[PDB]
Amino acid sequence: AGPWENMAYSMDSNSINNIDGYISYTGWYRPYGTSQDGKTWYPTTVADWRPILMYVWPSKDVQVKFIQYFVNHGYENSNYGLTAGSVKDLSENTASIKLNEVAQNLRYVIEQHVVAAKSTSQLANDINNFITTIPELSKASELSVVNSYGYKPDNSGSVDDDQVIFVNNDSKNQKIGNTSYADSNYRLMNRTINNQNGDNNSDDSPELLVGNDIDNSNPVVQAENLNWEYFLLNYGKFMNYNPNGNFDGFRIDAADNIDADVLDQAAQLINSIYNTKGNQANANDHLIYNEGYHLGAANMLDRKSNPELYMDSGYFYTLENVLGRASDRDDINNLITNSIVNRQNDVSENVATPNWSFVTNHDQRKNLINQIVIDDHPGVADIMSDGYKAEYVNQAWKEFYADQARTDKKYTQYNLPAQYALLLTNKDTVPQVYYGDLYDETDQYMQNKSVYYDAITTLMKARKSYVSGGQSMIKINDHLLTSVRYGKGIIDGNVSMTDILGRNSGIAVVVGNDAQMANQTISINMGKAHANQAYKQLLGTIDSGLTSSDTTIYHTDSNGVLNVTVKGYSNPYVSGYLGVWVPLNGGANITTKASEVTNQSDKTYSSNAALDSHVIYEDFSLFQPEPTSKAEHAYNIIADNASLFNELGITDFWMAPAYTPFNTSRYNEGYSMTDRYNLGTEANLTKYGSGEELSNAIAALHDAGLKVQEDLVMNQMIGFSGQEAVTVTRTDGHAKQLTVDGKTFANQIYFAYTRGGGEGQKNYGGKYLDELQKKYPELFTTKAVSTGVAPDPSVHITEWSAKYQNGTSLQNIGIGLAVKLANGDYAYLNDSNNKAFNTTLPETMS
Amino acid sequence: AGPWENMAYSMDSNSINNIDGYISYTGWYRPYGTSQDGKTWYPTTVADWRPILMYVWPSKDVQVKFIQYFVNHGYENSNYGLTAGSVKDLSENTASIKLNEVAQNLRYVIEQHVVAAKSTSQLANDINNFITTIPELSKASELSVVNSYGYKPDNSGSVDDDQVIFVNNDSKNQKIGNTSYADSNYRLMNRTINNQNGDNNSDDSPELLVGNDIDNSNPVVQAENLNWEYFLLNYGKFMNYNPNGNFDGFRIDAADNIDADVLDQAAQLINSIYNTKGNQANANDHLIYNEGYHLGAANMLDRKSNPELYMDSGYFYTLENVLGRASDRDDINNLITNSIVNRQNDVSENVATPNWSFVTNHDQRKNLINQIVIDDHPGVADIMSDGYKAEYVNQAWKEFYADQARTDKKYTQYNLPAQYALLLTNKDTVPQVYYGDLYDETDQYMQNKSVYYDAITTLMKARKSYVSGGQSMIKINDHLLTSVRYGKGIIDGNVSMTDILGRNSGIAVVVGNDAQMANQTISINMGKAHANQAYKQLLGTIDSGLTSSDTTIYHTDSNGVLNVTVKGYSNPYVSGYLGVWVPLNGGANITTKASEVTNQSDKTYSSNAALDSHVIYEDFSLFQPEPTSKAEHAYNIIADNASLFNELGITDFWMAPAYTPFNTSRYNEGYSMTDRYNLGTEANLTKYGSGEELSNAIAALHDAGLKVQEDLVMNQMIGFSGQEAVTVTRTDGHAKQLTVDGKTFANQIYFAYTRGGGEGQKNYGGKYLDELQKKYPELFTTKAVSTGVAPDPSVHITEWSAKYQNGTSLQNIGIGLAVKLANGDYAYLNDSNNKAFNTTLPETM
Ligand SMILES: [Ca+2]
Ligand SMILES: [Ca+2]
Ligand SMILES: [Ca+2]
Ligand SMILES: [Ca+2]
Ligand SMILES: [Ca+2]
Ligand SMILES: [Ca+2]
Ligand SMILES: [Ca+2]
Ligand SMILES: [Ca+2]
Ligand SMILES: [Ca+2]
Ligand SMILES: [Ca+2]
Ligand SMILES: [Ca+2]
């Protein structure tokens with residue numbers, strides 16, 4: 001009958017793509033009919049949908065660009081007045097009447113193309129491409145700082161300041177819109193570390209990192225975290241896999257970036273289940289160690305009587321600045337002082353902050369490799385984002401291994417054996433060894449021992465026999481120190497009486513960071529307990545590198561003093577000097593059990609010989625490849641190697657984030673995850689294997705006497721498949737509004753991917769809360785610090801959604817996708833579920 | 001008779017150099033006797049002094065290096081066992097008794113040298129040089145971040161993180177020491193901007209910049225600032241110079257970096273003398289505009305009913321980002337939205353934050369020059385500090401002038417005329433013009449006009465005749481806007497009825513930033529008050545540059561619409577487009593006097609046509625040369641040119657900081673000052689001239705109808721000559737303790753230069769406080785925000801000292817100079833002035 005058939009077949013979701021009642025220019029809809037000429041109109045079936053952009057545009061300008069793009073991409077018909085020449089002079093200043101005329105004729109030429117191919121598929125590509133040319137309909141309008149003037153890439157590989165926060169919006173003003181289903185009374189952001197009570201922001205630790213940031217201030221979320229944690233502490237049991245395949249504790253990821261209440265609550269759950277507060281015997285069996293690069297966390301943990309191990313990142317920087325650099329190395333004395341533990345004369349217990357320390361972790365390998373890529377692509381701003389490429393990393397790796405075998409290294413660490421020698425002999429710490437320093441981490445899992453394997457395992461194994469007792473570190477000259485442990489039960493170097501175990505243990509580590517250091521003879525006080533004793537050299541420096549096979553027998557005088565002679569070397573392994581001496585009669589195990597030290601009734605963790613006896617092993621690398629068979633699954637190899645890890649004195653196996661990875665994430669490593677409860681199936685493996693294989697790995701490790709921790713990731717999820725209309729504001733990592741190249745936006749409706757969770761969340765979300773409330777009522781009557789209320793188990797989270805999220809890093813969708821009428825009213829589809837406004841549609845559809 | 005004569009001739013200041021009782025390894029003392037051979041000793045005269053470093057050292061290792069350094073610099077005698085081979089094997093592990101034996105023989109050899117020549121002059125240089133090799137006795141021990149791993153230089157030219165703060169130290173522990181004369185109960189640092197009350201650090205604005213930071217939280221200092229301000233407000237009268245040579249108000253330097261009590265009290269003073277609060281007629285005659293690069297100051301000043309003008313630094317960034325960049329210019333639209341004032345349809349009065357705005361100031365020119373220097377010397381960390389050289393700056397200037405003349409500019413601003421076109425036509429601001437944009441600022445003052453003189457002054461003069469009424473800005477395309485003023489007394493574009501002054505004023509500025517923009521015709525709404533009216537093009541673009549002599553007569557239709565045709569151009573002056581139209585029958589002055597607009601009884605400054613009638617002129621460049629004659633003094637030239645400034649419509653003459661410069665400061669410009677009250681004498685000229693010459697410049701400017709502001713500089717002084725023993729901690733510019741390459745220090749005695757002030761401070765410090773206290777008692781009963789205490793005029797500051805200071809930027813002296821005994825007790829000289837400890841000297845002394 002007429003062109004009114006452009007109107008939607010119905011004014012509801014059955015005919016009009018929408019998201020919570022809002023329309024998107026990228027949406028499609030089913031009109032009543034279509035037409036290849038103005039004269040004949042065919043009604044649409046239920047399978048005939050058309051892009052909204054054929055009918056509506058955000059401005060007359062975009063409408064002109066729509067015409068101009070399609071005409072120049074094959075949709076011209078001089079009979080209808082459409083050709084490159086006929087449309088080149090159209091602009092926003094053309095009368096509205098004419099432009100619509102032209103637009104109405106273009107649809108005809110489109111339907112012509114649709115009919116010839118019997119398909120909208122080519123048209124779909126042309127719409128998608130064209131959208132890419134319009135900033136407000138594509139990602140550019142999100143104002144990534146990557147495109148800002150003078151932006152430099154960050155070798156972390158992510159973009160701290162590309163964020164939007166989810167804000168409440170219950171407006172009755174249709175120009176502002178209404179997303180009340182996504183409203184929240186919580187979203188208390190930056191309640192991080194000492195700002196848990198919002199009254200001390202001295203750590204300045206940001207809430208937003210990457211992905212969908214989880215609102216860990218919401219009591220229903222806080223309840224779900226406990227459900228999740230409880231699931232993982234019983235993983236094998238609750239999954240009917242190996243009944244001994246359960247995690248014992250947690251590596252807490254991004255503990256500087258979540259509401260700190262959830263640290264209290266994870267440590268409360270483990271105390272409720274296992275009785276850890278005031279009982280180091282039990283607490284040492286359920287380690288919780290927090291990832292952090294903020295020194296203030298050590299204040300907080302000491303304040304809370306140490307519910308979690310603090311990460312001694314200051315010492316990592318010390319290690320790299322003093323020993324790792326090529327030149328301009330820092331004062332050798334800083335190794336004595338620049339850590340959470342001053343180790344000049346560490347001759348006490350229960351005084352240091354319980355802490356874990358490292359030479360490398362998976363993030364520090366990431367930063368260095370990314371740096372290599374950045375160096376090979378100067379002036380390319382998107383090299384770590386939209387212009388990131390795997391092949392660049394492959395090339396940086398070939399550079400990394402080649403640089404690693406050099407003496408004058410360009411990118412890799414100098415003095416890595418000395419670094420580990422100090423780590424594995426320091427008192428008052430739980431040291432952590434990195435998988436990628438033992439194995440070449442891009443090859444299949446544990447298939448290539450690195451150049452540093454022999455030296456580190458030599459030190460790891462020696463720690464079991466020699467590292468106990470007091471500690472003393474002495475600066476010998478400007479580039480040379482000794483660090484001495486006195487042996488089991490020996491408090492200090494003036495102790496004369498000891499038992500057999502102490503007598504035959506203790507250790508001297510000698511470290512220099514001047515490759516030109518003059519030959520010279522030094523005196524090492526080993527302690528009165530070690531007078532007239534035979535020592536051998538566990539590990540020494542030779543021109544080509546390192547030896548563990550010096551057959552000399554060294555002797556202490558009647559004062560426990562050992563004289564050795566040391567000089568500077570320069571080789572792939574040592575830039576300076578490295579030398580380690582242990583008692584000749586030694587070898588017996590000297591680890592301390594919790595029942596041999598005095599329990600501290602007012603601490604969870606307490607820094608002493610028992611806790612010191614522990615060794616954490618980071619079991620993965622982000623650059624670990626995908627396996628090509630069942631036998632290359634990390635879980636399976638880990639099961640078969642449980643005894644090797646125990647031989648090395650590892651007691652605490654930090655296992656990779658096991659969760660189902662978003663399949664387009666950069667490393668497939670598990671932090672970018674779609675499902676917190678699905679740790680792999682036969683049909684859908686993770687990089688590491690299947691959940692059943694995980695439960696066997698954990699069981700094998702327990703059988704070798706080790707405890708296992710899971711990377712608990714409360715900060716964010718990535719890869720949700722469902723969109724919600726959310727009101728957002730462009731912010732920085734700290735959730736403060738951000739202006740980019742003079743532009744910003746606030747309180748705008750955004751079609752973010754926010755709803756999902758997988759079958760894992762559907763079937764296990766909230767499943768144990770009733771059981772937890774029965775067994776542990778305290779978890780749901782203890783008021784959280786930041787909120788003043790207890791975790792709320794009366795709601796189960798079976799599917800995530802924006803009401804449970806603080807915001808998201810930019811998703812590359814664009815900010816002007818929501819359709820707005822000429823007067824600025826949002827278009828809207830009213831029905832039973834969506835009652836924010838009356839139905840309000842563009843004229844062409846209405 | 002023997003080595004006991006090494007002891008000091010007396011255990012007091014008469015024979016031992018010291019600072020407040022503390023001894024320095026760099027000091028000298030008079031021993032009782034000296035000897036060349038260990039056998040004969042000659043007693044010393046009053047003139048026979050020896051360096052302490054010949055007798056005492058901070059460690060055995062430095063004693064070793066002292067021996068080794070002097071033997072290898074010509075103090076060798078094999079008869080005395082001193083030769084290069086005889087000393088190379090010494091080390092801190094040599095027995096102390098032997099090293100002291102060796103050191104005693106070295107003195108004999110030193111004394112041999114001292115007798116051969118008849119002088120300790122060569123020994124002085126050897127000592128001085130030697131100290132340069134010991135980190136703990138020289139500047140490296142200060143932990144300058146310039147030397148840190150990975151340091152990059154800052155084109156500001158200073159080092160924000162090289163600071164120490166002065167802390168209280170009244171200890172009876174001789175290992176901690178005692179500097180209680182330097183104690184204070186104030187030193188409330190970072191009470192800056194919105195953190196005046198200590199409860200809102202959201203601006204995060206640091207206390208420490210450079211030099212000796214003045215503790216503007218101290219009530220005695222606050223009272224002295226009032227004394228100073230009152231002196232400057234009466235400069236010519238109180239100096240018996242020209243009786244009309246007095247400043248009228250202030251540009252306030254580093255307003256973001258001083259306790260904000262001090263902004264209140266300068267506004268209070270102006271109000272007490274001149275009755276400015278609630279009276280814009282008086283207030284506009286006594287402008288106080290605040291230097292600021294922090295947006296948070298706009299809120300503070302709005303909260304305080306605008307006692308000072310806010311500095312619209314946001315808009316300056318917008319100007320450089322949208323128009324001045326070579327490429328990737330920001331959205332033209334930002335010129336409408338990105339300033340303290342949104343100018344889409346600015347059709348109101350008394351709403352906007354009273355503000356001053358600029359295209360350039362002397363600090364932005366400096367950052368750019370330094371950046372040229374840094375580009376010219378990549379990878380050199382000290383290039384802006386110890387490695388700074390004027391010759392590099394000379395080279396940068398040859399580059400600046402050459403690049404300025406290019407079309408493809410590498411360093412200088414694109415579209416500078418259009419920037420000033422927008423600045424000088426914007427409503428709701430007091431615009432500020434930069435001296436260095438009208439003149440080639442490295443030449444003698446005003447001797448050389450720049451390439452931009454004709455254009456800026458054309459717009460400047462035009463403002464007198466055309467710029468008034470409401471404002472509308474309209475984005476025409478992605479790279480092109482019009483900004484329009486409707487003329488005197490015309491509120492908006494819909495007003496139809498107006499007097500003759502309105503009919504013949506108003507102005508259209510058309511600004512494009514796309515040099516390849518297509519030729520196109522545009523419509524400009526001039527307002528219903530401007531229908532059927534002839535227009536002339538005041539300033540336009542031509543292929544080679546700018547015209548202001550287009551003879552074309554343009555006409556508006558019956559709605560006030562002006563149709564012009566514009567395109568993109570590319571030449572040294574325009575990258576994009578610039579075009580300016582005004583009514584043909586215009587020319588009459590249209591500035592507004594305070595009495596024509598409604599006074600705001602609850603504001604000091606209010607943003608309306610009278611405030612908008614003012615124009616600030618920054619009179620100086622840091623790179624101004626030294627004059628070579630009397631005729632070349634900036635003051636003398638300013639007096640001869642007062643009519644020029646008023647012809648340009650300048651009403652507010654921002655005068656350079658007139659204080660006596662520290663004679664080795666970088667620009668000699670007056671911010672690095674030794675004397676706050678001495679603005680130049682005939683025998684000791686500042687760069688700009690003599691105080692008497694300044695008074696005649698001010699009077700000439702007044703004679704031309706201008707008001708004159710002095711750059712008021714309360715943040716810091718530099719160049720004190722008196723040292724004090726002060727207890728310091730290494731900090732960043734926010735007074736937070738800092739670690740550098742893993743090192744820090746805290747509560748350490750430092751021999752800082754902190755005492756001075758000049759005769760100006762002696763003869764005028766506190767001089768008017770009795771007068772002020774009787775005239776304006778409120779100044780000394782109003783309690784300051786930060787301290788809850790009124791300024792205290794019962795102590796006069798006639799000499800500055802560390803008790804009146806927050807701290808200092810690193811003075812490049814060293815931190816381990818104070819002499820420490822083996823047990824860590826500080827050495828000390830007890831006399832009638834210094835009673836912190838018993839006298840306690842090294843054993844040799
Ligand atoms: Ca977070
Ligand atoms: Ca992390
Ligand atoms: Ca229990
Ligand atoms: Ca994949
Ligand atoms: Ca991104
Ligand atoms: Ca360095
Ligand atoms: Ca600064
Ligand atoms: Ca200050
Ligand atoms: Ca300044
Ligand atoms: Ca010149
Ligand atoms: Ca010139």
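Naming: A, B, ... by sequence-line order, numbering from 1 per chain.
Here the straight-line distance linking atom CG of B:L208 with atom OG of B:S158 works out to 11.5 Å at 0.5 Å rounding. The distance from atom CG of B:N195 to atom CG of B:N201, rounded to the nearest 0.5 Å, is 5.5 Å. Remark: A:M300 CE to A:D302 CG distance equals 9.5 Å, nearest 0.5 Å. Annotation: the span from B:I165 atom CD1 to B:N806 atom CG amounts to 8.5 Å, rounded to 0.5 Å. Separation of atoms CG (A:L481) and CD1 (A:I474) is listed at 9.0 Å; rounding is to 0.5 Å. To the nearest 0.5 Å, the span separating CH2 on A:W356 from CG on A:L309 amounts to 8.5 Å.
Using a 4.0 Å cut-off between a side-chain N of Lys or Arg and a carboxylate O of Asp or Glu, B:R730 and B:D162 qualify as a salt bridge. The pair A:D346-A:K427 meets the salt-bridge criterion, with a side-chain N (NZ, NE, NH1 or NH2) lying under 4.0 Å from an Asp/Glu carboxylate O. A salt bridge is absent between B:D825 and B:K820; no separation between the charged side-chain nitrogens and carboxylate oxygens falls under 4.0 Å. A salt bridge does not link A:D330 to B:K743: none of the charged nitrogens lies less than 4.0 Å from a carboxylate oxygen.
Judged purely by atom type and a 3.5 angstrom limit, B:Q163 uses its side chain to pair as donor or acceptor with the backbone of B:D160. Under the 3.5 Å distance criterion, the side-chain polar atoms of B:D732 are matched with a main-chain donor or acceptor of B:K736. Judged purely by atom type and a 3.5 angstrom limit, B:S24 uses its side chain to pair as donor or acceptor with the backbone of B:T26. The main-chain N or O of B:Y826 is found under 3.5 Å from a side-chain atom of B:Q174 such that the two form a donor-acceptor pair. Between the A:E320 side chain and the A:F316 main chain, no donor and acceptor come within less than 3.5 Å of each other. Of the possible polar contacts, one joining the B:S141 side chain to the B:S138 backbone as a donor-acceptor pair under 3.5 Å is found. A donor-acceptor contact shorter than 3.5 Å links the side chain of A:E291 to the backbone of A:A254. Looking at A:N334, its side chain does come within 3.5 Å of a backbone N or O of B:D741 through a donor-acceptor pair. No side-chain donor-acceptor contact under 3.5 Å links A:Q413 to the backbone of A:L319. No donor-acceptor pair closer than 3.5 Å links the side chain of A:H734 to the backbone N or O of A:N190.
In this structure, a donor-acceptor pair under 3.5 Å is absent between the side chains of B:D61 and B:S59. No side-chain donor-acceptor contact under 3.5 Å links B:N216 and B:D259. A donor atom on one side chain and an acceptor atom on the other are found under 3.5 Å apart for A:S607 and A:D428. Side-chain contact annotation: A:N367 with A:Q371, donor-acceptor N/O pair under 3.5 Å absent. Inspection of the B:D215 and B:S217 side chains reveals an N or O donor paired with an N or O acceptor under 3.5 Å. With 3.5 Å as the limit, one finds no donor-acceptor pair spanning the side chains of A:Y577 and A:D514. Residues A:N355 and A:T429 bring a donor and an acceptor atom of their side chains to less than 3.5 Å of each other. There is no side-chain donor-acceptor pair under 3.5 Å between A:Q344 and A:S472. At a cut-off of 3.5 Å, with distance as the only test, no side-chain donor of A:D312 or A:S357 sits close to an acceptor on the other residue. Using modelled atom types, one finds no donor on one side chain facing an acceptor on the other under 3.5 Å when comparing A:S575 with A:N415. In the model, A:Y310 has no side-chain atom that pairs as donor or acceptor with a side-chain atom of A:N290 under 3.5 Å. With 3.5 Å as the limit, one finds a donor-acceptor pair spanning the side chains of A:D203 and A:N194. Neither side chain, B:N178 nor B:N169, offers a donor N or O lying under 3.5 Å from an acceptor on the other. Side-chain N/O atoms of A:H479 and A:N513 include a donor and acceptor closer than 3.5 Å.
A 4.5 Å side-chain heavy-atom check between B:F166 and B:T754 finds at least one atom pair inside the cut-off. B:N370 has its side chain within reach of B:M384: a pair of non-hydrogen atoms, C-beta onward, lies under 4.5 Å apart. Between A:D478 and A:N333, the closest side-chain pair of non-hydrogen atoms is not below 4.5 Å. Side-chain atoms of B:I52 and B:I23, non-hydrogen and from C-beta on, do get closer than 4.5 Å to each other. Contact check for A:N299 versus A:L301: no side-chain heavy atoms found under the 4.5 Å cut-off. When side chains are defined from C-beta on, B:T674 does not count as touching B:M717, because their heavy atoms never get closer than 4.5 Å. The side-chain heavy atoms of A:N257 and A:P206, taken from C-beta on, include a pair separated by under 4.5 Å. At least one side-chain heavy atom of A:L422 sits less than 4.5 Å from a side-chain heavy atom of A:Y315.
The environment of NZ in B:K366 is crowded: more than 12 heavy-atom neighbours from other residues, nucleotides or ligands sit within 6.0 Å. Residue-environment remark: NZ (B:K65) stays at or below the threshold of 12 foreign heavy atoms within 6.0 Å. The environment of A:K410 atom NZ is sparse: at most 12 non-hydrogen atoms of other residues, nucleotides or ligands sit within 6.0 angstrom.
For the pair A:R325 and A:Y414, the NZ or CZ position fails the cation-pi test of under 6.0 Å to the six-membered ring centre and within 45 degrees of the ring normal. A cation-pi contact, defined as under 6.0 Å to the ring centre and within 45° of the axis, links B:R666 to B:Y388.
For the side-chain contact (heavy atoms from CB on, under 4.5 Å) criterion with A:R343, the lone passing option out of A:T425, A:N426, A:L335 is A:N426. For the side-chain contact (heavy atoms from CB on, under 4.5 Å) test with B:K139, the passing option among B:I813, B:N147, B:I815, B:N812 is B:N812; the others fail. No option in B:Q723, B:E724, B:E142 other than B:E142 meets the side chain to side chain donor-acceptor pair (under 3.5 Å) test with B:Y750. Under the side-chain contact (heavy atoms from CB on, under 4.5 Å) rule, B:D256 has a single partner from B:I193, B:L209, B:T192, B:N715, which is B:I193.
Taking the six-membered ring where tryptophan is involved, the planes of B:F130 and B:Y69 are tilted, since the angle between them lies from 30° to 60°. B:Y392 and B:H377 have tilted rings, their planes meeting at an angle from 30° to 60° on a 0 to 90° scale. Using bins of under 30°, 30° to 60° and over 60° for the plane-to-plane angle, the ring pair A:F358/A:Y293 lands in the perpendicular bin.
Residues B:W57 and B:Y25 keep their aromatic ring centres 6.0 Å or farther apart.
B:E207 and B:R191 make their closest contact through OE1-N, 4.3 Å (heavy atoms, listed as atom of the first residue, atom of the second, distance). When all heavy atoms of B:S171 and B:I176 are compared, the pair lying nearest together is CB-CG2, 3.6 Å.
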side-chain hydrogen bond (donor to acceptor under 3.5 Å, both in side chains) assessment of B:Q805 paired with B:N212:
CA-CA 7 Å; B:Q805 286 158 53; B:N212 290 70; 2.9 Å; yes
For A:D375 and A:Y411: C-alpha separation, side-chain torsions, deciding distance, then whether side-chain hydrogen bond (donor to acceptor under 3.5 Å, both in side chains) applies. CA-CA 11 Å; A:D375 287 358; A:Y411 286 111; 2.6 Å; yes
